[PDB]
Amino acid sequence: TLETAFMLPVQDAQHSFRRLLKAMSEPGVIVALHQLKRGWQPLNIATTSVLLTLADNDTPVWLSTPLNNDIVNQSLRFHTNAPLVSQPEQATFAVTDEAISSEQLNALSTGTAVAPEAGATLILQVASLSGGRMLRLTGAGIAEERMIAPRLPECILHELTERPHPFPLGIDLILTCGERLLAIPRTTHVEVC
């Protein structure tokens, strides 16, 4: 028995997309993806909604082992037909929780200088979008400054503050928690307050 997906796949994917578009284009804005009502545990509602909206046979998906079980796997295959890969370096969409390792993060595809779009998007399920270390965001999508305090593992925070890869290379980050979502593209300047 598989998980169910969108009840109104056309309308619900469109709604989810517009919320994610808002988040990615105005980094640090938290949005809600309400249309799906049960997440594919341990995937939360937002994570599941993003995958149902963007993943298909053209987009390899890597689910870290804490988020990897046969019901989610079979359900993803059935509803989206996305290839499931077991290596992060092979993924178009990477999905992890807070236990992500430095080695997994660093294995993710970043794009190339000539084709910066050809890399991974990291979807990271966090314990909370508040109560973490306070950050200041600046850059494209931010009029002046935006402060956020997501619960982030140190190596993720390191990627954001140091940007080891020269722009236009880099992963874009989507933080999910429950039905809610926050995005930080590779352009955002991030500093710890």
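Note that residue numbering follows the sequence shown and begins at 1.
Stretch comparison (2-10 versus 182-190) by mean CA B-factor in the PDB entry places 2-10 on top. Averaged over their C-alpha atoms, the temperature factors of 20-28 and 173-181 are higher for 173-181. The top Cα temperature factor in the record, among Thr92, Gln87, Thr110, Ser75, falls on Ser75. Of the candidates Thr138, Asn68, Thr161, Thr59, it is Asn68 whose Cα B-factor is highest according to the PDB record.
In the deposited entry, the Cα temperature factor of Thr80 places it in the middle third of its chain's modelled residues. The entry lists a Cα temperature factor for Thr53 that places it in the lowest third of the chain's modelled residues. Remark: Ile100 belongs to the middle third of its chain, ranked by C-alpha B-factor as recorded.
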